[PDB]
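Asks: begin with these chain(s), straight out of the complex:
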Amino acid sequence: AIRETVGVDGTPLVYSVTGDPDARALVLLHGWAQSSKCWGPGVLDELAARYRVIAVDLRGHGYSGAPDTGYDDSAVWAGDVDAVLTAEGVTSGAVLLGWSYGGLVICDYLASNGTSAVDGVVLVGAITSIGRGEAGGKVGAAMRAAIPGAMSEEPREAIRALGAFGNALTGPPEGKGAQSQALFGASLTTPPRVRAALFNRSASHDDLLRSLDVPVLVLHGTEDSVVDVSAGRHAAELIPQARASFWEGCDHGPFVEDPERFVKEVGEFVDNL
C-alpha cells in the first residue's frame, strides 16, 4: 500500500494505494496541515471496494519531504500531482478529490496539465483560489481566528490557535473521539514553517474553473467555519458542469460528520461518469 515518487524539484512524495488496479483511479488530496490519514479508515475501506484509491501526502505533510521553498509555485504543486499519476500509470479516467487546500492543489494541476488524465473532480469544503479578494479562497471565522497563531514555532501559541478550530473538522465528536484527536495531532506534526508557506502565496483559478470540460461535484457544509460555503457556491457557479451538494448544518469535515452520506454522494457522482 505505501509508495514514494519524486516532485519536479526532487522532493520525495509519499502516497498509499488500495483497491483493484483495474478500477477507476480516485486520487485523494487532503487539506492544510493534514495527511493521507484524515479520511477515516471506514471511508477509505468503502472507497477501496469500488475504486483504485490513491491517497497522497502533500509536500510538507505526512511522510512526504518538507523542502524550504516552492509552496507558492502552482507549477511545483502541479508537478506533484503529475508525479503520482505518472508513477501509478494513470493517464485517463481519474477522479481528483480535494478537501480544503486540496482543491487549490487540484486547480494548480489542471492549470498546468489540463484535463486529459481526468474524467471528474470532487471539491470537498474546498478553496480553488487563495489571496486577498478571492471569493474561491474565502476563509471562515475559525481559520481567521487561527492566523497567525497556528503558524507559530512556540508550542503553546500553536496549540491554542489550532485548538481554536474546536470540533470544526469532525462535527459533534460523539463516537469519533479518536478521529478528533488524530486530526488535531496531524496539524501539530505539520512543521509550522510549512503551515505558514502554504498560505504565503496568491493564485486565482476562477478562469481555470470557467474553462473546465469535465463534471465537478461541489460538496460543502453550509456551516463550514474553515472555508466559507460561499467559496463552494463561487466554484459551482463558475464551473460549466458543476453539481452542488450543500450539506445543511455540516462544518468542514463531511467525510467525518456523515461517512455514509459522503461515500454515497461521491460514489453516485463517480459511478455516473
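Replies: Yep, that arrived. Numbering: from 1, shown residues only, chains lettered A, B, ... in the order given.

Asks: part of a strand, is residue A:243?
Replies: Yes. Assignment of residue A:243 by DSSP: H, G, I helix; E, B strand; the rest coil places it within a strand.

Asks: could you pull up phi and psi at residue A:118?
Replies: Residue A:118 adopts backbone torsions of phi -120, psi 140, taken as degrees, to the nearest 10.

Asks: burial measure for it, as a count.
Replies: 25 (other CB atoms under 10 Å). In short, each C-beta sits where N, CA and C put it, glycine included.

Asks: equivalent analysis for residue A:193, please.
Replies: When neighbours are counted by other CB under 10 Å, residue A:193 comes out with 13.

Asks: doesn't it belong to a strand?
Replies: No. Residue A:193: not assigned to a strand; according to three-state DSSP it is helix.

Asks: so what's it up against?
Replies: Contact analysis of residue A:193 by CB atoms under 8 Å, 6 or more residues apart in numbering lists A:66, A:68, A:153.

Asks: and those residues, which is closest to residue A:94?
Replies: residue A:66 (26.1 Å; CB to CB).

Asks: helix, strand or coil for the spatially closest residue to that closest one that is not a sequence neighbour?
Replies: Leaving aside its chain neighbours, residue A:66 sits nearest to residue A:60 (4.6 Å; criterion: CB to CB, 6 or more residues apart in numbering). Three-state assignment for residue A:60 (three-state DSSP): coil.

Asks: pretty sure residue A:60 contacts residue A:196?
Replies: No. Judged on CB atoms under 8 Å, residue A:60 makes no contact with residue A:196 at a distance of 10.2 Å.

Asks: can you add chain B next? sequence is:
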Amino acid sequence: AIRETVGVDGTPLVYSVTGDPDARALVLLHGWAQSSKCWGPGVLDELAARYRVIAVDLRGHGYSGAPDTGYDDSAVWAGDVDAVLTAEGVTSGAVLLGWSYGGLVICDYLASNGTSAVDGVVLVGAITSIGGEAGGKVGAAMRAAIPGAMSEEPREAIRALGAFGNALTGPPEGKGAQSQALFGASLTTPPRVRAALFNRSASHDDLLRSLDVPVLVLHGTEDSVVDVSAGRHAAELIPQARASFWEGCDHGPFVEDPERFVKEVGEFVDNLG
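Replies: Next up, chain B placed on what we already have:
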C-alpha cells in the same frame, strides 16, 4: 527511503531506510504513542552519515497497521523486529536502539530470537519489562497521565497528553516545532493502541542477565516518564552494560542534546570492532 513488510499476524509494518547500505545496521525503535519521526531530522542525518539507519513505525503507530489485538504478545512484537531485519537482509552486525517502550520491543525480540543478528543494544530512557517489574518503573508524569492519556474523549486526552509538558524535549527554546510534532504524534496514535500497549505483562530480567553483547544504557536522571531506576536496574543486570546517566535530563536526550546523543551512540557503535 519508505518501505513496508508484514508481521507474523499479517499486520503491515512501515519503516524507512537511509545511509550506506554496506554500513552497520542501526535499527531505531521509538516509544509509546510515537513514530519513526520522533528522532528529529538533525539526529537522523548525523546517524545516516555513519550507519544504515532503519527507523521503524511500531505496530499501531505512524503508518504501520493498527489491528485490534496482539499488543500483549511478546512473540508478535519479536516477529515485527524479525520481519524488518529479514526484509532488509540484516543477519549480523545490527545495533538495536530502543527509546522508552522500544526497549521492551527489543527485549521481546531478543527473548524469542536470541542475539545472533545483533552486535549491540542501546536502551534510551527504556523500559525492559512491564507489569513489580523494576525494568518497567513509570516516572511521575506517566503515572499522572494514566488513564486520561488513553481516553477516547478528546478534551481529556489532549489535556492528559499535553500535561507531559517538556518531558520529551526539555526547555523548548529553539525546538518548538519538535515540541509540537512529538505532542502531535501521541494524538495521532489511536487511544485504543495507547491503552493496549500497557494492558500486558512481560518479565525480561532473566533475558537481561543472559545477554552476551554490549549494551549502552543512556537515561536522564530526571526522567519523568521512565524512572532512571529502570536504567540503573538494566545496567546492573546486563553483563556487558555500560551506562551514561545524563544529569538533569528528562525523557528525550536526543531532543535535549542531539550532539551529545549522536556522540555517545556513535562512540559505542564505533568501538564494537
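
Asks: please reconsider the contacts of residue A:193 now that chain B is part of the model.
Replies: A:66, A:68, A:153, B:177 (CB atoms under 8 Å, 6 or more residues apart in numbering or on different chains).

Asks: for the stretch 51-200 of chain A, which residues are neighbours of chain B?
Replies: Neighbours of chain B within the stretch 51-200 of chain A, by CB under 8 Å from any CB of the partner chain: A:63, A:152-155, A:158-159, A:163, A:173, A:177-178, A:180-182, A:184-193.

Asks: select only the buried ones of those residues in PyMOL?
Replies: In PyMOL, this line selects whichever of those come out buried by 16 or more other CB atoms under 10 Å in any protein chain shown:
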select buried, chain A and resi 63+152+153+154+155+158+159+163+173+177+178+180+181+182+184+185+186+187+188+189+190+191+192
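
Asks: residue A:178 and residue B:150, how far apart?
Replies: Remark: distance between residue A:178 and residue B:150 (CB to CB, to the nearest Å) = 11 Å.

Asks: who touches both of those two?
Replies: Shared contacts of residue A:178 and residue B:150, defined by CB under 8 Å, 6+ apart, comprise residue B:191.

Asks: so how far is residue A:97 from residue A:23?
Replies: In terms of CB to CB, residue A:23 sits 15 Å off from residue A:97.

Asks: I'd like to know how many residues surround residue A:23.
Replies: Other residues lying near residue A:23 total 15 when counted by other CB atoms under 10 Å in any protein chain shown.

Asks: that one and chain B, how far apart?
Replies: Residue A:23 sits 21 Å away from chain B, taking CB to the nearest CB, to the nearest Å as the criterion.

Asks: secondary structure element for that residue?
Replies: Assigned by DSSP states H and E, residue A:23 falls within no helix or strand.

Asks: surely it and residue A:51 touch.
Replies: Yes. Using CB under 8 Å, residue A:23 makes contact with residue A:51 at a distance of 5.1 Å.
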